[PDB]
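Chain by chain, the residues run as shown.
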Amino acid sequence: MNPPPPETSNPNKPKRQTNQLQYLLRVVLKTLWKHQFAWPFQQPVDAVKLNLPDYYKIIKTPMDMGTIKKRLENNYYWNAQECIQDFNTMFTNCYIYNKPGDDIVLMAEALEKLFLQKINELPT
Ligand SMILES: COCCNC(=O)CN1CCN(CCn2c(CCc3ccc(OCCCN(C)C)cc3)nc3cc(-c4c(C)noc4C)ccc32)CC1
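Going by the header, the method for this PDB entry is X-ray crystallography, and the resolution given is 1.61 Å.

*Asks:* It is not clear to me how the environment of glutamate 112 should be interpreted in this structure. Could you clarify?
*Replies:* Inspection of the secondary structure puts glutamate 112 in helix 5 (residues 103-119). Considered as a pair, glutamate 112 and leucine 32 are 80 residues apart in the sequence and their alpha carbons are 9.0 Å apart. When sequence neighbours within four positions are dropped, the list of residues in contact with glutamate 112 reads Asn88, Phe91 and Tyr95.

*Asks:* Help me understand the site of the ligand in this model?
*Replies:* For the ligand, the set of nearby residues contains 13 residues, the closest of which are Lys49, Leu50, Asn98, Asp103 and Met107. For the ligand, the protein covers 58% of the area, taking 990 Å² as the surface of the free molecule. Considered class by class, the residues forming the shell around the ligand number 10 nonpolar, one polar and two charged.

*Asks:* Honestly, the pattern of salt bridges in this entry has me stumped. Any pointers?
*Replies:* In a structure, side chains of opposite charge can pair up when their charged atoms sit close to one another. Tallied over the full model, the rule gives four salt bridges. With a shortest N-O distance of 2.8 Å, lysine 69 and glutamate 73 are connected by a salt bridge. Highlighted residues: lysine 69 and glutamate 73, both in helix 3 (residues 65-73), separated by four residues, approximately one helical turn. Taking the relative accessible area as the measure of exposure, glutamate 73 reaches 41% and is therefore partly exposed. Between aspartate 86 and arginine 71 there is a salt bridge, with the nearest N and O atoms lying 2.8 Å from each other. With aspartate 86 in helix 4 (residues 80-97) and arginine 71 in helix 3, the pair connects residues that are 15 residues apart, well separated along the chain. The buried category is assigned to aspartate 86, whose relative accessible area is 10%.

So, how was this worked out
Throughout, residue numbers begin from 1 within each chain and advance along the sequence as written. They need not agree with those in the entry, and any residue without coordinates is left out. Each side-chain value is derived from all of the structure's non-hydrogen atoms; neither hydrogens nor water enter the calculation. Residues with missing side-chain atoms are left out of burial classes, side-chain pairs and their counts. Only runs of H or I of at least four residues qualify as helices and only runs of E of at least two qualify as strands under DSSP, and these elements are numbered from the N terminus. In this analysis, two residues are considered to be in contact whenever any of their non-hydrogen atoms come within 4.5 Å of each other. Nearness is judged by heavy atoms alone; a residue qualifies as near a molecule or strand once a single heavy atom is within 4 Å of it. We get accessible surface area from the Shrake-Rupley algorithm with a probe of 1.4 Å; when it comes to residues, only the shown protein chains can shield them. In the scheme used here, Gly and all other residues not listed as nonpolar or charged are polar, with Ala, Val, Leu, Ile, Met, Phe, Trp, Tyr, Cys and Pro taken as nonpolar and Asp, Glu, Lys and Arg as charged. Any carboxyl oxygen of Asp or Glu within 4 Å of a side-chain nitrogen of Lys or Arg constitutes a salt bridge here. The rule is simple: take the accessible area with a 1.4 Å probe, protein chains only, and divide by the maximum for that residue type; under 20% is buried, over 50% is exposed, in between is partly exposed.

Below, the structure written as structure tokens:
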């Protein structure tokens, strides 16, 4: 079955808002979220609904944009790099589990290229 989703809150961690984290939520995440290809990435991979019995043997660090969105909304991230790392993990998991040329891989590739375009405009 599925593991519990990644934590989206950490009560022991202090919180702050930064210009880069605001930009990651309001521009980066929002832009990817509305993309034609976003739906498969808007929530944790559900291995029982999608019938993927080996998914969590192969992918031990799941990540998805629904989790990233809640993390941003909950001020879970202290450093903007934490959020960028989660996006990268999401994309890399997709490339590891699936085969090159699969529909989902070409969708991740389009989302990643757009992610990189938006991250390039991150404010100082
Ligand atoms: C270039 O390409 C052209 C454009 N693409 C297309 O036109 C092709 N299509 C796009 C839409 N896709 C949605 C399908 N999809 C979803 C949608 C959410 C969902 C829907 C139904 C469901 O359960 C009901 C039962 C459903 N059962 C019968 C399938 C549970 C979840 N989440 C996915 C995660 C994964 C994935 C992730 C991420 N990492 O590894 C894997 C595995 C893969 C595919 C996924 C299909 C292909």
